[PDB]
Every structure is written in C-alpha cells, then in structure tokens.
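Asker: Generate coordinates for the sequence data below:
(2 chains)
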Amino acid sequence: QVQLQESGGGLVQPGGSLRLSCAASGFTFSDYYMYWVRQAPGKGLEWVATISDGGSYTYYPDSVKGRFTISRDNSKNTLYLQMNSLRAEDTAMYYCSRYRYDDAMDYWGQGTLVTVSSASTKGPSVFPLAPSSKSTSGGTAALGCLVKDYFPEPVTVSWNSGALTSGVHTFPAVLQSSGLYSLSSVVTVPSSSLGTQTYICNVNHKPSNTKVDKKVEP
Amino acid sequence: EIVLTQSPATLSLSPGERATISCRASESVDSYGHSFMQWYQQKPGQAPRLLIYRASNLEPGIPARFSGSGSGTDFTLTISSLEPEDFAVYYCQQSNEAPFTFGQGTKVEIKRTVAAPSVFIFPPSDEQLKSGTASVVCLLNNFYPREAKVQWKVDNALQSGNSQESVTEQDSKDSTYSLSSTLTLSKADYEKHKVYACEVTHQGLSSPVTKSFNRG
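Answerer: Residues are numbered from 1 along each chain as shown, chains lettered A, B, ... in the order given. You can find the structure just below:
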C-alpha cells in the first residue's frame, strides 16, 4: 500500500547542511505534488516546501527561500530536501507528504527529526530499575530502565525485543542541567513471573550507534 | 497569509460526549465554489492524519463519528461521540492561498473517571552508584486526572530544586496517565542518609500516600 519512508535526519551543526529523502512506494509517484512540512519540538505544523509532478515548479516560504531546495527523482521514486545554513530555529520533526488533486495531503511519512546544535553526540548509560522486595502492589511488580545522559534525540526503548509491549511506559525525555537528556522506561508485570521469566530492555540511540540490552531483576 | 485561529485551544470531554472544534480564517478559504479546509488528527509519535478535506468530505477509512462543515471564513470539526482513542491534537489546514497554513491546534483530552495512581519507588542501582551520582525514581502509574503532586523526603527532609518530572501522554486505551519523578543526589549525599520517601497527593487518594525505602 501507499507508503512514504523518510530518512537522513539527525544531528547537524548550525550553519551546516543536511539532506532529507523520502522513498515513495505504492502509487504513481510522478502523478503527485509532494510536500515537506515541519513541526518544531512542542510547537505546531509549518509548511516548508512544495514541488510539482515532474519537478518543474517549486515553492518555499520566505524563511526558507534560498536555504532549502526541494527536488525529486521520479526514476527512483524519491523526494529530497537539501537544507543549508541551518539554525536552531530549524530543528524539528520533518515530514514528507503526498498532495491529491482534491487539495488534501492524505499520506505522510513517519517523520525524521533534525536537531541543529553544536553540542556533541553522547551515547546513553543504562542503569537497571529493579523492583524492591518491600514494594508489593499485590500481584504486580514494576521494573524499568533508566537511560541517562545522551544527546541528541531520540532514543528507542523496547522490552524482550518488542515481545513485551503490554503495560510498558517510556516517558518523554527530560533535559538535564548538564545539557543532556534522560528518560525512564518501566513496565508492570505479575510478581509471580519476576523470578520466573527474564526481563531485558532494548535501548537504541541511533545517533551514536549504541544498542544496549540491560537486564533487570530484583 | 491566511491566519487560521482554532477555538478552543484545549478541550476535555468524556467518552460518548459530542466535541466541536472551530476554525476561523482571516480571509476566505472559498474559491471556485469550494472551501479548501482540511482537518488533521495528530497523535503522539505520529504524523498528522487526514480526517476531512474540502471542508465536509469524510476521508475514506475514517470512522463516521468525524464530520466537518462551514465555508467562507468559518469552519467546524465535529466528533459526534468521543472514544478514548480520539485523544489527539487537531489542526485545520488551508489550501487556497499563497502559503499553506495550519491552525494552532486544539488539544483534546478524554475525560475519564477518577483513577488513583499506583506508587512505586526505585533506589539507585549499583552501577550508577559507581559513577559518583545517585538517581532515585518515583513512579506514579495509571491515574487521572493529570494534576498530581510529588514531594521528596530524605530523612524527613523536604527536598527542593533537585528532582525532575516527566508525564506520559494520555493512554489511548484507558485514558490514564503515568508520571515519573527522579531525584538526583551525589553518591555522597545518598550514602550519608537512609530514608528516601516519595509523597504523592492526588484526587483519587482520600489521603496523600507515601512510598519509601532505606538504603541497602
């Protein structure tokens, strides 16, 4: 079915350049106008650029004119966005979108985050969060993972390789004074399986190529 | 630029209730005999999803509970009967003038019945204790409303300016929330003390509850 894979996001220095791409699939790509929309962390949606069917025409708001270039490769069914002279104000989640003849963007990419900062990349440290024995909520035991000191965003925390999704809570990351992020991921399990079964949390920080598999147990 | 102002900014309604969100455009969105107003639904960690286009057309695949209307400069989005999965930020979008624009968005919270938080506390794990820094985490799991209070106590000493909170987005299944409070102390402070307590005050608790542990 119609799907848009975006890639190319990540950390990049202010004044730097970065290219996002969107591999279209499941529809006659050359028959549609493509859009790039962005969302500053915590803020709303802003239009970034538009390009016609064959790349003939393109449009940008004045805040992007001359800095970003939208283009496409119809033979490879790919949409691109070459950014230049990036600034903190450009950090945000970027989405590609298909535009129907009826003037409606019906399919969007999952999105790719662009953090524009001079700060340096730091892999996260993973400390366990085992359930104390004094803690007994009846039949449920809560245990989690503590992912501290990393940059930039984001971080992916799963349990028992995505096999354990039910009841998991991965809180949004908070920025610490130092200047790094931190977040916790907990899951509630039946205290009757604490020793019975093995619980491992899968952490992945793609911007630093870190993939830890910390194991927890009281 | 056509400015789209949505109203209200935030909406809190119980499932089954009818929700109405408005959008007023500074200049007409009407051209060629049609209103080019779209409505999008954006959930946490996801891309905006198209609900309605050209003002009143339901997007195939979208439940019939969603509908839109209006024209000219005034538009309305309706959810005839809320479900816990409708928790999301809604945006009106204009496709008629020079630069496309989105409204500022309306945050829709699903009103759920009072739910008391299950409190948990985690002492800093041996590993982090070797790093010369201590992090104590207090967990408030599955509650509603969102307003809660968490005071830290180290040997009856009320902490201050040394804890950070992070609350999850409302659950789309049961509409509850979960909260996390981390207390960061040096390895020295943590070792020179023993009673670590987390006092939580919430509407679902007839009396504030305290969860604690003694180091080691």
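Asker: For residue 108, list each beta-bridge partner.
Answerer: In the absence of a named chain, chain A is used. Beta bridges link residue A:108 to residue A:97 when assigned by DSSP bridges.
Asker: um, chain B though
Answerer: Bridge pairing for residue B:108 - DSSP bridges - gives residue B:11, residue B:88.
Asker: any idea how chain A splits into domains?
Answerer: A:1-118, A:119-218 (curated CATH domains).
Asker: Is it possible to get TSV of those domains that adds mean neighbour count?
Answerer: In this view, the C-beta of every residue, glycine as well, is placed from N, C-alpha and C. Listed next are those as TSV, based on neighbours: other CB atoms under 10 Å in any protein chain shown:
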stretch	mean neighbour count
domain A:1-118	17
domain A:119-218	17
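Asker: Look up how far chain A lies from the spatially most central residue of chain B.
Answerer: The C-alpha lying nearest the average C-alpha coordinate of chain B belongs to residue B:169 (CA atoms, centre = their mean; 4.1 Å). Using CB to the nearest CB, to the nearest Å, residue B:169 is found at 8 Å from chain A.
Asker: List the contacts of that residue.
Answerer: For residue B:169, the contact set (CB atoms under 8 Å, 6 or more residues apart in numbering or on different chains) comprises A:172, B:44, B:87.
Asker: The second one - nearest residue in space that isn't next to it in sequence?
Answerer: The shortest distance from residue B:44 to any non-neighbouring residue, by CB to CB, 6 or more residues apart in numbering or on different chains, is to residue B:169 (4.1 Å).
Asker: Double-check that the one you found belongs to a helix.
Answerer: No - using DSSP: H, G, I helix; E, B strand; the rest coil, the assignment for residue B:169 is coil, not a helix.
Asker: I figured residue A:192 was touching residue A:140, is that so?
Answerer: No - Residue A:192 is beyond contact range of residue A:140, at 9.5 Å (criterion: CB atoms under 8 Å).
Asker: and residue B:207, helix, strand or coil?
Answerer: Following three-state DSSP, the label given to residue B:207 is coil.
Asker: and it, how many neighbours?
Answerer: A count of neighbours around residue B:207, defined by other CB atoms under 10 Å in any protein chain shown, yields 6.
Asker: how much space between it and chain A?
Answerer: As for residue B:207, its distance to chain A is 18 Å (criterion: CB to the nearest CB).
Asker: quick check, nearest of the contacts of residue B:169 to residue A:2?
Answerer: Proximity of the contacts of residue B:169 to residue A:2 (CB to CB) peaks at residue B:44, which lies at 23.0 Å.
Asker: what about the closest one, how many neighbours?
Answerer: 12.
Asker: Check the one 4 residues further on too.
Answerer: By other CB under 10 Å, 26 other residues sit near residue B:48.
Asker: Am I right that residue B:55 is in a strand?
Answerer: No - using three-state DSSP, the secondary structure at residue B:55 is coil, not a strand.
Asker: Now tabulate the domains of chain A in CSV and tack on distance to residue B:28.
Answerer: Below are these laid out as CSV (distance: least, CB to CB, whole Å):
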stretch, distance to residue B:28
domain A:1-118, 15
domain A:119-218, 39
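Asker: List the residues that contact the residue of chain A most remote from its centre.
Answerer: Largest separation from the mean C-alpha position in chain A: residue A:134, at 37.4 Å (CA atoms, centre = their mean). Applying CB under 8 Å, 6+ apart, we find residue A:134 in contact with residue B:213.
Asker: Give the residue farthest from the middle of chain B.
Answerer: Outermost in chain B, CA atoms, centre = their mean: residue B:32 at 39.1 Å.
Asker: Got phi/psi on that residue?
Answerer: Dihedral pair for residue B:32: phi 60, psi 20, per degrees, to the nearest 10.
Asker: Which residues are in contact with it?
Answerer: Contact analysis of residue B:32 by CB under 8 Å, 6+ apart lists nothing.
Asker: mind giving me the domain split of chain B?
Answerer: Split by curated CATH domains, chain B gives B:1-112, B:113-216.
Asker: could I get these as TSV with distance to residue A:84?
Answerer: Listed next are the domains of chain B as TSV, based on distance: least, CB to CB, whole Å:
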stretch	distance to residue A:84
domain B:1-112	20
domain B:113-216	34
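Asker: Tell me which of the ones you listed lies nearest to residue A:80.
Answerer: Nearest of those to residue A:80, taken as CB to CB: domain B:1-112 at 18.3 Å.
Asker: Now do the helices in chain B.
Answerer: In chain B, helices defined by DSSP state H lie at B:126-130, B:187-191, listed in chain order.
Asker: starting at the chain centroid, how far to the last one?
Answerer: Taking CA atoms, centre = their mean, to the nearest Å, the mean C-alpha location of helix B:187-191 is offset from the chain mean by 35 Å.
Asker: next one: the first one
Answerer: For helix B:126-130, the separation from the chain centroid amounts to 33 Å (computed by CA atoms, centre = their mean).
Asker: so what's the residue nearest to residue B:167 when sequence neighbours are not counted up against?
Answerer: In this structure, residue B:167 finds its nearest non-sequential neighbour in residue B:179, 4.6 Å apart by CB to CB, 6+ apart. When contacts are counted by CB under 8 Å, 6+ apart, residue B:179 is found next to A:171, B:117, B:139-140, B:143, B:148, B:150, B:165-168.
Asker: which one of the residues you listed has the most neighbours?
Answerer: Going by other CB under 10 Å, residue B:139 tops the contacts of residue B:179 with 28 neighbours.
Asker: Turn the contacts of residue B:179 into JSON lines, columns for distance to residue B:196.
Answerer: Shown next, in JSON lines, are the contacts of residue B:179 (distance: CB to CB, whole Å):
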{"residue": "A:171", "distance to residue B:196": "20"}
{"residue": "B:117", "distance to residue B:196": "18"}
{"residue": "B:139", "distance to residue B:196": "14"}
{"residue": "B:140", "distance to residue B:196": "16"}
{"residue": "B:143", "distance to residue B:196": "22"}
{"residue": "B:148", "distance to residue B:196": "19"}
{"residue": "B:150", "distance to residue B:196": "13"}
{"residue": "B:165", "distance to residue B:196": "17"}
{"residue": "B:166", "distance to residue B:196": "19"}
{"residue": "B:167", "distance to residue B:196": "21"}
{"residue": "B:168", "distance to residue B:196": "23"}
